Every structure is written in structure tokens, then in C-alpha cells.
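S.K.: Would you mind keeping the following structure in view while I ask a few things?
Backbone-built Cβ (ideal geometry, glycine too); neighbour counts: all protein chains shown. What follows is calculated from the coordinates using simple rules that are stated; it is not laboratory data.
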Amino acid sequence: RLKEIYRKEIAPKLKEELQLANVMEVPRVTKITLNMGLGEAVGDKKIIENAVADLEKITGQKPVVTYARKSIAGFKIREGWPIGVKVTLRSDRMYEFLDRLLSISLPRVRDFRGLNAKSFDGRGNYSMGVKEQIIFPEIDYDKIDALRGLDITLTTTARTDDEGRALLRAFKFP
Amino acid sequence: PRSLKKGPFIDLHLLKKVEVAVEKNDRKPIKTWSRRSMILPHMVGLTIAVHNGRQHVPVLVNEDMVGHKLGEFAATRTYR
Amino acid sequence: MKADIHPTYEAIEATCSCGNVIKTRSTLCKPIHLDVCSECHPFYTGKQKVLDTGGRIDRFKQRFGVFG
Amino acid sequence: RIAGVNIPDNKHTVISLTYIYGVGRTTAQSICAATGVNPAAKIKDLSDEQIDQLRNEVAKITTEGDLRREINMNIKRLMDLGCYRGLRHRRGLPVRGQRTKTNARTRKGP
RNA sequence: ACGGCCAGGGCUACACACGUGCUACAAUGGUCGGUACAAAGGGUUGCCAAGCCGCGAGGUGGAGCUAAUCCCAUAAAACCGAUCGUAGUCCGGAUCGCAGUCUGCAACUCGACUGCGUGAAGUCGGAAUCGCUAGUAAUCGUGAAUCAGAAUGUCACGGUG
RNA sequence: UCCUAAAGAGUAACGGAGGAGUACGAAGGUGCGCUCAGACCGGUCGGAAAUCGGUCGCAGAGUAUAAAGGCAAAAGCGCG
Ligand SMILES: [Mg+2]
Ligand SMILES: [Mg+2]
Ligand SMILES: [Mg+2]
Ligand SMILES: [Mg+2]
């Protein structure tokens, strides 16, 4: 459990590290949203359920299908109304899913670097993209279809992205 | 090509014109019709005017060009 | 958390080739070993090294001596 | 992930290792001779014990993600130098010295 | 100088169309390990053995030799046992990157081979169109002319048929 | 529906501009919950843009339907 590592080690360390005043000013991970983009195969009506099932297993939680709000004629028509699949994970699930990252999903990018440290929002929210859906426990390779565009979007209670870097480097995976 | 038993190659006139010209550092280009000679670590940073076939074209010698011969940097046919 | 919506989320053991046992709560419902973990990846072990850039100078001296 | 990339099943060890994209047929035989894995048995019949040794052997030759990077850098070394070998390479003409008048169709498509 | 001598370059360029030729697209087959039989020819300005070191192309070595004597020189297809199970694949080899050997004063334009990696188009091919009536077509080898080096063409004869 | 129409109504011209001869069994009724458009940063085959996170917003969106007048008790959005 990463919560026990965070409360015991990271929380008291960051206060004196960042010259913070009291205990609770330290940044913490707000939520984790995945948002598997099902933009490809708009007029299919067959891959939405497959993506829902694939994302259900790697998160232990039923996702929600996301509809459109406009119509890009260059992109596709509104006939394929469901385009997206989204999941939200708070502390009970966030710190347990985050164990896959930095422990066993670092062998998941097939990379030279774990994750670039130059990708941050103005307020300190981190985002990352996972290329392949093969990378997870309890997932077959023959039965799985290799069409899964998955993101991992992070939210943090940081005023600016330097606090986000300081929080991330604790459970570091750059 | 050019097995290691007889490893290096450099034409005698080019060698005597470049080794001596290293003493008086680069103030002019070296005009030479020979294209069969390799370039060497002793000839890094010089200016060689290799013969294209109707005129001599300058060559900027770099440290990463030592393996390749001079003629690779001079054209033969245009195809504009 | 809704009752009859989520899958079965139980506790399993993740064992790497080096023997790093990690207690992970997942939907797996069984233990499966892994080939590489965070402690065995070359990048986080410092063994990724570099693409070596280019060594023609080196190569030429290794290839051809050229006395004098 | 299985050995760096996904490996097929129901096939012999040497043929299975050929898909690692950096070990061919002869070097796969040398890896099997060094490790001790019998090619006659399928990868399914193998245990999960010596696959770490197979991964160690794979981690001493090359992996595709860096082999493509370094071969592209080798191409870039010719392409940024002014050599004729790269001069034809950019345009897509034959490089080793094949005839260009006709039948140089593999590097130019239909 | 439309005559000569010397350097490089060029005749092997390259969106394209045509003739000839070799590879394939596989299971009458692909690899691995055993085992059988040829003809014809070239070699004292040459063949260049054995031992020997090299993953291999090869390096040393110097015999015998002026030819039923010695070398080139192991013929391959077939046959015996194993695996592959028809899958763009233990098919296919083009392409490209790295590393070498041999010849040559000299292998970039612009040579032939060897070692590792990559792995494409190609699933029997339109109108049309060609060779062949018997050791014939089909398919598999061997050695030579030109030749410092360089053959899918070409020089010559043989296996199964 | 707006102007001509002159700050109550009304007011003509073969005067200037636009629409209708319908739709909804939920597009109605009630209870409970939620913000819009647009700009920027980040995020794998998408990229100025699809789906996601954050901030700046402070209705410049939306109204089933033409324009006018209104809509944070939202008159807009979802669920029983
Ligand atoms: Mg010859
Ligand atoms: Mg009035
Ligand atoms: Mg009035
Ligand atoms: Mg309404």
C-alpha cells in the first residue's frame, strides 16, 4: 500500500523539503483518470463493449461510456454518439492502482525513459500516455485486440508544477 | 575492401603535400585530382578541392569522415 | 461503491525473476510471476547506457595503425 | 515483455527466438547451445525457470527498440556528411551500386 | 590538329515502356545428420596437396607434377532417419547497417565473395504469346573459353527422365 | 417577428428584411442533483482540432422550430 509509504515518509519529508509551514500544506495526488480514447471505429457499435471490458479488468471498476458534445465533419458524424470511455479513481483505488505504476508497469512502455519530466500543466497536473493494452495483469494476448488508446492523467493539489515534480520524484518514475 | 593485411592507403604526392602543409596551417585549399585516397586522422579539418570531373569542388573535412574516401564527397553526374 | 457492478478485487502476489515479492490487490484472483520489475529494468538499474554516438576515429586507429 | 517482445507459441525454440528482431537463425542456435534449451521441444513445453537465462542472453546482443535507433543513427551519419552513399540514399536510389536504368523498383515502389 | 602523351570523370545515370535470362511464390517441398554412382576438360612462367591456424571467405606450408602416376576434385538430384504441418510460413531472398578476406599502384562513383542483424514485393500471374515429337521436354550438377579479379549470359559433358 | 411607427395603443405604400400551413407519449407534470460558450498547458497511431485532467471564466452558449423580447426561482442539462 503506497498510502502507508506516503503518510510515514513523503509527508513529513516534503514539509521541510519545500519550506512549508504546517503538516497539511504538502501536495497530494488528487485523482487518477484514464480516459481510454475510442475515437477510432466510430460507426462500429462493436468495439465500445470490448474497450469497456478491457478497461474494467485493469482497473477493477466499471467505466462509463462518454458521448460527444459537437460534430467534427472531418472527424466523424454524430451517428457514432459514444466516442469515449472514462474512469475515475480516488484514494481507496488510486494508491492501489498506482502500485502497478512504478513497480510493475515500468516494464510497460518499452522505453528509453520512464516518462518525460517536461510534461506538466501550469498548475501542476501530470499526464501520460500508454501505447499498448497488453501491459497489465490478467490480460490475454490471443483474446485481446491490439486497438486500445489509453491515457493516464494525474491530478495534484499543487500551486505550481515544481511542487508536482517534488511530489512525483518521491514515488519516482521519470 | 582493401584488407587489413595492407591496411592504409594515401597517395604519395597528396601525403607529402598535406603532411608538410600541416606545419603551415590551413590558409589555402588543396587542389588534387586523386580520388582513390582515404582521409586520415592526421588530415582532420583541412580543405580539399576534389576534382568533380570538370572543376574542383571544396571539401570540409570533419572528424567523422575518416573512414570514407574523398571521392564520396564529389559528384559524378548531376540529374538536376 | 456499488455492489453488483465492480469485478472481484482480491489480493495476489507479484513475484519477479529476481524474487521481489509485491503484495498487490488486483482483479487477477491468482498469483502470476513477472519477468522484469522496477528493480530489474535497465533504465532504473542504470544499465540502459547510451547509443555510443560515433567512433570512426577509434575505429580507424583500431583498424589501421599507420606508423609515423 | 515475454522476452522483450511477444513470442509465438506451438513452435520450436529457435524459430520462436527468430521473432525477437535482432536474433536470426544462426545466433538463435548459439543462444540455445549456450543456455541448454532443447530446440526440439516447443516453447509451451518449456519451464518458466530458464526463460530468465534466455532474457539474459537477449540482453547481451541487442533489443529492437535500440537496434532501430542505432541503425537509423548509422544512416544519419552518412546522410549528414555529404557522401554519395547517403546522397543516393535520401533520394531513394540503389546504394550498393545496382543498375538504375531499369528494375530498381524495390526502392521506388510500383 | 578531326593527329598525339598524361590525369580524373564517363560508357554500370533514371518518373518511364520493350526483348532475353535466373530466382521464387512452397508440403511431388524447407532444414539437420548419415550414405551411392558420373562424363568431359586444365595444369613445369602453372596445378598448387597433407599438416596447421580461422564461425567462414581464407592465411601459412611446401609435397607430387609435366602426366591412366600428382593436383584441380567433395559431383548434385535420388535413397535412409528426425523435425517443420501449408502459416506471407524453419517459403522467398531483394533491400539496407556493421565486420572482413582475396586480386590489383589503386575496390567511393565502380568488382566478386565471406560473418551477424533487417526482412520487402511475391499465394502460379489479363489480351495475347512462345520451345519441344525421345535420352526429346522437364529438372540437378560438373569443368572451360575471355581472364590480375569479376557470369544468372555464354564454353562443354554428364545424372533421373 | 423587426423597422418605417414620431419614447402609451394604432397607423399606409407594387416600402426595406426574414419565416410558418409543423413536431413531442417524452421534447408534458412532479421530487432531487449540475453547469454554458471560448482561451491556454499537458496527455501514445488523432492533433488547429475527437475522448481526459487543470486553470482563466464571470452566459460572448443553449432554447425543437424564422426574427424580437426574456431565461442563477435558470425557462438549459440528467436521474426516479
Ligand atoms: Mg576469370
Ligand atoms: Mg408606439
Ligand atoms: Mg408617438
Ligand atoms: Mg425546455
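S.K.: Somewhere in segment D:90-99, is a residue within 14 Å of chain B (Cβ to nearest Cβ), surrounded by 14 or more Cβ atoms within 10 Å (Cβ to Cβ) and on the phi > 0 side of the Ramachandran plot?
M.R.: Checked segment D:90-99: no residue is within 14 Å of chain B (Cβ to nearest Cβ), surrounded by 14 or more Cβ atoms within 10 Å (Cβ to Cβ) and on the phi > 0 side of the Ramachandran plot.
S.K.: Can I ask one more? For segment A:76-93, what are the residues that are out of contact with any helix residue (DSSP H, G or I) (no Cβ under 6 Å at 6 or more places or on another chain), within 14 Å of chain C (Cβ to nearest Cβ) and surrounded by fewer than 20 Cβ atoms within 10 Å (Cβ to Cβ)?
M.R.: A:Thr88, A:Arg90, A:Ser91, A:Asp92
S.K.: Among the residues of segment C:1-43, how many are facing chain A (nearest Cβ under 8 Å) and polar (S, T, N, Q)?
M.R.: Qualifying residue count for the region: 4.
S.K.: Then there is this: I'd like to verify a number: residues in segment B:24-70 that are touching a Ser or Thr at 6+ places or on another chain (Cβ under 9 Å) and either under 16 Å from B:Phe9 (Cβ atoms) or of a type in the set (A, V, I, L, M, F, W, C) (or both), how many?
M.R.: 9
S.K.: Applying the selection to segment D:1-23, what residues are closer than 26 Å to A:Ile104 by Cα, buried (at least 19 other Cβ atoms within 10 Å of the Cβ) and more than 7 Å from RNA strand E (Cβ to nearest atom)?
M.R.: Residues satisfying the conditions are D:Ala3, D:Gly4, D:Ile7, D:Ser16, D:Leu17.
S.K.: Filter segment B:1-21 for residues that are surrounded by 13 or more Cβ atoms within 10 Å (Cβ to Cβ), more than 16 Å from RNA strand E (Cβ to nearest atom) and more than 12 Å from every other protein chain (Cβ to nearest Cβ) and give the result.
M.R.: B:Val18, B:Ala21
S.K.: Turning to a different aspect of this structure: If I go through segment A:46-70 residue by residue, how many of them are more than 23 Å from C:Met1 (Cβ to Cβ), free of Cβ contacts under 8 Å to residues at least 60 places away in the same chain and surrounded by 12 or more Cβ atoms within 10 Å (Cβ to Cβ)?
M.R.: So the count comes out to 2.
S.K.: Collect the residues in segment D:60-89 that are within 7 Å of RNA strand E (Cβ to nearest atom), surrounded by 15 or more Cβ atoms within 10 Å (Cβ to Cβ), free of Cβ contacts under 8 Å to residues at least 12 places away in the same chain and more than 10 Å from every other protein chain (Cβ to nearest Cβ), keeping them in residue-number order.
M.R.: Across segment D:60-89, the qualifying residue is only D:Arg88.
S.K.: In addition: Name every residue in segment D:100-110 that is hydroxyl-bearing (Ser, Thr, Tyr) and surrounded by fewer than 11 Cβ atoms within 10 Å (Cβ to Cβ), in order of residue number.
M.R.: D:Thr102, D:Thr106
S.K.: Do we find a residue being within 15 Å of the chain's Cα centre (by Cα), within 16 Å of RNA strand F (Cβ to nearest atom) and charged (D, E, K, R) anywhere in segment A:55-63?
M.R.: yes
S.K.: Could I ask something else about it? Name every residue in segment C:3-44 that is among the basic types (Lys, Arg) and closer than 23 Å to A:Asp54 by Cβ, in order of residue number.
M.R.: Across segment C:3-44, the qualifying residues are C:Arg25, C:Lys30.
S.K.: Please go through segment A:57-68 and give me each residue that is in a loop (DSSP other than H, G, I, E, B) and within 12 Å of chain C (Cβ to nearest Cβ), ordered by number.
M.R.: A:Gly60, A:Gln61, A:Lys62, A:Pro63, listed by residue number.
S.K.: Another one. C:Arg25 passes all but one of (1) among the basic types (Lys, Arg); (2) more than 23 Å from D:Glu49 (Cα to Cα); (3) out of contact with any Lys or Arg (no Cβ under 9 Å at 6 or more places or on another chain); which number fails?
M.R.: (3)
S.K.: Only one of (1) out of contact with any strand residue (DSSP E or B) (no Cβ under 9 Å at 6 or more places or on another chain); (2) closer than 22 Å to D:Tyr84 by Cα; (3) among the basic types (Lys, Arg) is not met by B:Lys31, so which one is it?
M.R.: (1)
S.K.: Surrounded by 13 or more Cβ atoms within 10 Å (Cβ to Cβ), more than 19 Å from C:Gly54 (Cα to Cα) and either within 9 Å of RNA strand E (Cβ to nearest atom) or within 13 Å of chain C (Cβ to nearest Cβ) (or both), is that true of B:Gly71?
M.R.: Yes; evaluated as a whole, the condition is true for this residue.
S.K.: Okay, moving on. Which of the residues spanning segment D:24-51 are loosely packed, with under 15 Cβ neighbours inside 10 Å and within 10 Å of chain C (Cβ to nearest Cβ)?
M.R.: D:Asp48, D:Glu49
S.K.: Can you name the condition, by its number, that A:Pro137 falls short on among (1) more than 24 Å from C:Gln48 (Cα to Cα); (2) in contact (Cβ under 8 Å) with a residue 24 or more places away in the chain; (3) more than 9 Å from chain C (Cβ to nearest Cβ); (4) surrounded by 15 or more Cβ atoms within 10 Å (Cβ to Cβ)?
M.R.: All conditions are met except number (3).
S.K.: Might you let me know whether segment D:30-50 holds any residue that is touching a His at 6+ places or on another chain (Cβ under 9 Å) and of a type in the set (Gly, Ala, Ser)?
M.R.: Yes, some residue in segment D:30-50 is touching a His at 6+ places or on another chain (Cβ under 9 Å) and of a type in the set (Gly, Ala, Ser).
S.K.: Filter segment A:139-160 down to the residues that are within 22 Å of A:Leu2 (Cα to Cα) and of a type outside the set (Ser, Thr, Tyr) and list them by number.
M.R.: Residues satisfying the conditions are A:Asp151, A:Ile152, A:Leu154, A:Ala158.
S.K.: Any residue that is within 10 Å of chain C (Cβ to nearest Cβ) and either surrounded by 19 or more Cβ atoms within 10 Å (Cβ to Cβ) or over 23 Å from A:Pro27 (Cα atoms) (or both) - is there at least one of those in segment A:113-123?
M.R.: Checked segment A:113-123: at least one residue is within 10 Å of chain C (Cβ to nearest Cβ) and either surrounded by 19 or more Cβ atoms within 10 Å (Cβ to Cβ) or over 23 Å from A:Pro27 (Cα atoms) (or both).
S.K.: Counting only residues that are touching a residue at least 24 places away in the same chain (Cβ under 8 Å) and out of contact with any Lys or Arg (no Cβ under 6 Å at 6 or more places or on another chain), which one in segment B:53-66 is nearest to C:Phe60 (Cα to Cα)? Don't jump to the end; show me each part of the working.
M.R.: Narrowing segment B:53-66 to residues touching a residue at least 24 places away in the same chain (Cβ under 8 Å): B:56, B:58, B:65-66.
Imposing the further condition that a residue be out of contact with any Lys or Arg (no Cβ under 6 Å at 6 or more places or on another chain) reduces the set to B:58, B:65.
Numbers: B:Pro58: 24, B:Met65: 11 Å.
For segment B:53-66, the residue satisfying everything is B:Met65.
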